[PDB]
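Contents: one structure, followed by commentary.
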Amino acid sequence: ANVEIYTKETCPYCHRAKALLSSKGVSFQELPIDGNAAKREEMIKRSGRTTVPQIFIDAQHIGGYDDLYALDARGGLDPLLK
């Protein structure tokens, strides 16, 4: 599954999403913005937001933890990730 999450040093909702994904025990990628700028610009073209957490599930930009956790709440996260 193609899963990516942009993050930073101080992002409580990043920790929220990652804690759920580690409870599910899925395989995902993390993308730090900590000192970054060129891949933060990448996140402009990708997300159209430039804020975090911003999860992408099978390259599909979901949005943040609440958006992701809703995708889990509908049982729709699992058939993409697992």
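Chain lettering (A, B, ...) mirrors the order of the structure tokens, residue numbering begins at 1 for each chain separately, and ligand numbering begins at 1 in order of display.
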
Strand (DSSP E) residues, from DSSP on the backbone, in chain A, as a PyMOL selection string: chain A and resi 3-7+29-32+54-57+60-63

DSSP alpha helix (DSSP H) residues within chain A, as JSON, numbers by chain: {"A": [12, 13, 14, 15, 16, 17, 18, 19, 20, 21, 22, 23, 24, 38, 39, 40, 41, 42, 43, 44, 45, 46, 47, 65, 66, 67, 68, 69, 70, 71, 72, 73, 78, 79, 80, 81]}

Dump of N, CA, C and O atoms for the selected residues, as a compact mmCIF listing (two decimals), in the first residue's frame:
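Output contents, as saved in result-v8.txt:
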```txt
# COMPACT_ATOMS: atom_id res chain seq x y z
N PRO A 12 0.65 17.13 17.43
CA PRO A 12 -0.08 16.18 18.25
C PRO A 12 -0.96 15.29 17.38
O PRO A 12 -0.99 14.07 17.57
N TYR A 13 -1.56 15.83 16.31
CA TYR A 13 -2.38 15.05 15.41
C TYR A 13 -1.53 14.12 14.52
O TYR A 13 -2.03 13.08 14.11
N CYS A 14 -0.25 14.43 14.26
CA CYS A 14 0.65 13.48 13.61
C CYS A 14 0.82 12.27 14.51
O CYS A 14 0.58 11.14 14.08
N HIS A 15 1.17 12.51 15.77
CA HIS A 15 1.24 11.46 16.77
C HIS A 15 -0.08 10.69 16.87
O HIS A 15 -0.04 9.47 16.90
N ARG A 16 -1.25 11.36 16.85
CA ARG A 16 -2.55 10.69 16.85
C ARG A 16 -2.65 9.68 15.70
O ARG A 16 -2.92 8.51 15.94
N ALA A 17 -2.43 10.13 14.46
CA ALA A 17 -2.56 9.26 13.30
C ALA A 17 -1.54 8.12 13.38
O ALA A 17 -1.93 6.97 13.21
N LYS A 18 -0.27 8.42 13.64
CA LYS A 18 0.75 7.37 13.70
C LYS A 18 0.43 6.36 14.79
O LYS A 18 0.57 5.17 14.54
N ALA A 19 -0.08 6.80 15.95
CA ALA A 19 -0.42 5.89 17.03
C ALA A 19 -1.53 4.94 16.59
O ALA A 19 -1.50 3.77 16.95
N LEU A 20 -2.51 5.42 15.81
CA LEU A 20 -3.55 4.54 15.27
C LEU A 20 -2.92 3.55 14.30
O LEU A 20 -3.18 2.35 14.39
N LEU A 21 -2.07 4.02 13.38
CA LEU A 21 -1.49 3.17 12.36
C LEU A 21 -0.58 2.11 12.97
O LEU A 21 -0.57 0.98 12.47
N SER A 22 0.12 2.41 14.05
CA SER A 22 0.93 1.45 14.79
C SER A 22 0.06 0.51 15.63
O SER A 22 0.43 -0.65 15.82
N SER A 23 -1.12 0.95 16.10
CA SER A 23 -2.10 0.05 16.70
C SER A 23 -2.61 -0.93 15.64
O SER A 23 -2.66 -2.13 15.90
N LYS A 24 -2.85 -0.47 14.41
CA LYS A 24 -3.24 -1.39 13.34
C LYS A 24 -2.00 -2.21 12.92
O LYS A 24 -2.14 -3.36 12.53
N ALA A 38 12.20 22.22 0.51
CA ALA A 38 12.00 21.76 -0.86
C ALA A 38 10.89 20.70 -0.92
O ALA A 38 10.03 20.74 -1.80
N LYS A 39 10.84 19.77 0.04
CA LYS A 39 9.74 18.81 0.10
C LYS A 39 8.51 19.42 0.76
O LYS A 39 7.40 18.91 0.60
N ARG A 40 8.64 20.52 1.49
CA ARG A 40 7.48 21.28 1.94
C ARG A 40 6.80 21.91 0.73
O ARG A 40 5.58 21.94 0.66
N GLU A 41 7.58 22.40 -0.24
CA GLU A 41 7.07 22.87 -1.53
C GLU A 41 6.42 21.71 -2.28
O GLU A 41 5.32 21.87 -2.80
N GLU A 42 7.02 20.51 -2.25
CA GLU A 42 6.41 19.30 -2.79
C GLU A 42 5.01 19.11 -2.20
O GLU A 42 4.06 18.87 -2.95
N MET A 43 4.85 19.27 -0.88
CA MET A 43 3.58 19.18 -0.20
C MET A 43 2.57 20.23 -0.66
O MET A 43 1.37 19.97 -0.56
N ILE A 44 2.99 21.36 -1.20
CA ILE A 44 2.06 22.33 -1.78
C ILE A 44 1.41 21.66 -2.99
O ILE A 44 0.18 21.57 -3.06
N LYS A 45 2.22 21.17 -3.92
CA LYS A 45 1.71 20.56 -5.15
C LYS A 45 0.91 19.31 -4.83
O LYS A 45 -0.11 19.06 -5.48
N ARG A 46 1.34 18.53 -3.83
CA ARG A 46 0.70 17.27 -3.46
C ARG A 46 -0.60 17.52 -2.70
O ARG A 46 -1.63 16.98 -3.10
N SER A 47 -0.55 18.26 -1.60
CA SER A 47 -1.68 18.36 -0.68
C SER A 47 -2.59 19.52 -1.04
O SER A 47 -3.81 19.38 -0.96
N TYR A 65 -5.55 13.97 10.76
CA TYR A 65 -5.86 12.83 11.61
C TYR A 65 -7.35 12.57 11.66
O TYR A 65 -7.75 11.42 11.59
N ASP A 66 -8.18 13.60 11.79
CA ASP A 66 -9.62 13.42 11.91
C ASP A 66 -10.19 12.81 10.61
O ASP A 66 -11.04 11.92 10.65
N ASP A 67 -9.63 13.19 9.46
CA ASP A 67 -10.01 12.73 8.13
C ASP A 67 -9.64 11.26 7.93
O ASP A 67 -10.42 10.45 7.41
N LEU A 68 -8.42 10.92 8.32
CA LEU A 68 -7.84 9.58 8.36
C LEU A 68 -8.60 8.67 9.31
O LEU A 68 -8.93 7.54 8.98
N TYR A 69 -8.85 9.16 10.52
CA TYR A 69 -9.46 8.38 11.57
C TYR A 69 -10.92 8.11 11.20
O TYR A 69 -11.46 7.07 11.56
N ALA A 70 -11.55 9.02 10.44
CA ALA A 70 -12.85 8.79 9.83
C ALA A 70 -12.76 7.70 8.76
O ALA A 70 -13.63 6.83 8.71
N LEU A 71 -11.74 7.71 7.89
CA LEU A 71 -11.52 6.65 6.91
C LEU A 71 -11.38 5.28 7.61
O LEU A 71 -11.89 4.27 7.13
N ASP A 72 -10.73 5.23 8.78
CA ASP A 72 -10.69 4.06 9.65
C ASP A 72 -12.07 3.73 10.23
O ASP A 72 -12.47 2.57 10.26
N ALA A 73 -12.83 4.75 10.64
CA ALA A 73 -14.14 4.61 11.28
C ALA A 73 -15.18 4.01 10.35
O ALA A 73 -16.14 3.38 10.80
N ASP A 78 -8.40 0.13 6.29
CA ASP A 78 -7.88 -1.23 6.30
C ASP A 78 -7.80 -1.84 4.89
O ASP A 78 -6.71 -2.27 4.53
N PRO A 79 -8.85 -1.85 4.04
CA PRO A 79 -8.78 -2.44 2.70
C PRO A 79 -7.87 -1.69 1.71
O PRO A 79 -7.66 -2.17 0.59
N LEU A 80 -7.38 -0.51 2.08
CA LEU A 80 -6.35 0.18 1.33
C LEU A 80 -4.98 -0.23 1.87
O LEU A 80 -4.10 -0.58 1.08
N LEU A 81 -4.79 -0.17 3.19
CA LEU A 81 -3.51 -0.39 3.87
C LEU A 81 -3.11 -1.84 4.14
O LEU A 81 -1.91 -2.08 4.31
```

Contact residues around residue 28 in chain A with only C-alpha atoms at 8 Å, ignoring same-chain residues under 2 positions, as a PyMOL selection string: chain A and resi 1-5+21+26+30

Just-selected residues, C-alpha atoms written as a CSV table (one decimal), in the first residue's frame:
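Result file part-v8.csv:
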```csv
chain,number,residue,atom,x,y,z
A,1,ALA,CA,0.0,0.0,0.0
A,2,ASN,CA,1.3,3.5,-0.9
A,3,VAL,CA,0.9,5.4,2.3
A,4,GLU,CA,2.7,8.6,3.3
A,5,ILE,CA,2.3,11.0,6.2
A,21,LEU,CA,-1.5,3.2,12.4
A,26,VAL,CA,0.4,-1.2,9.2
A,30,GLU,CA,6.7,9.3,7.3
```

Using only C-alpha atoms: which of A:9, A:57, A:33, A:64 has the shortest distance to residue 76 in chain A: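 The answer is A:57, which sits nearest to residue 76 in chain A.
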
One-decimal distance in Å that lies between CA of residue 82 in chain A and CA of residue 52 in chain A: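 Going from CA of residue 52 in chain A over to CA of residue 82 in chain A covers 23.4 Å.
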
Interatomic distance (Å, one decimal) between CA of residue 49 in chain A and CA of residue 27 in chain A: 24.2 Å

Interatomic distance (Å, one decimal) between CA of residue 7 in chain A and CA of residue 61 in chain A: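 That distance, rounded to one decimal, is 14.2 Å.
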
Nearby residues (only C-alpha atoms) at most 6 Å from residue 6 in chain A, same-chain spacing under 2 positions excluded, as a list in words: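 So the residues in contact are residues 30, 31, 32, 53 and 54 of chain A.
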
Saved selection, atoms kept: N, CA and C atoms, as a compact mmCIF listing (two decimals), in the first residue's frame:
```txt
# COMPACT_ATOMS: atom_id res chain seq x y z
N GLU A 30 6.80 8.06 6.61
CA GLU A 30 6.74 9.33 7.29
C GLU A 30 7.65 10.31 6.56
N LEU A 31 7.26 11.58 6.48
CA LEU A 31 7.99 12.63 5.77
C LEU A 31 8.15 13.85 6.67
N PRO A 32 9.34 14.09 7.24
CA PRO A 32 9.54 15.16 8.18
C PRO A 32 9.61 16.50 7.45
N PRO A 53 -0.90 16.92 10.46
CA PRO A 53 -0.57 15.74 9.65
C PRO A 53 -1.30 15.82 8.33
N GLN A 54 -0.70 15.27 7.28
CA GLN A 54 -1.40 15.09 6.04
C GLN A 54 -1.04 13.73 5.51
```

Of the listed residues A:29, A:74, A:35, A:63, that which approaches residue 50 in chain A most closely, counting only C-alpha atoms: A:63
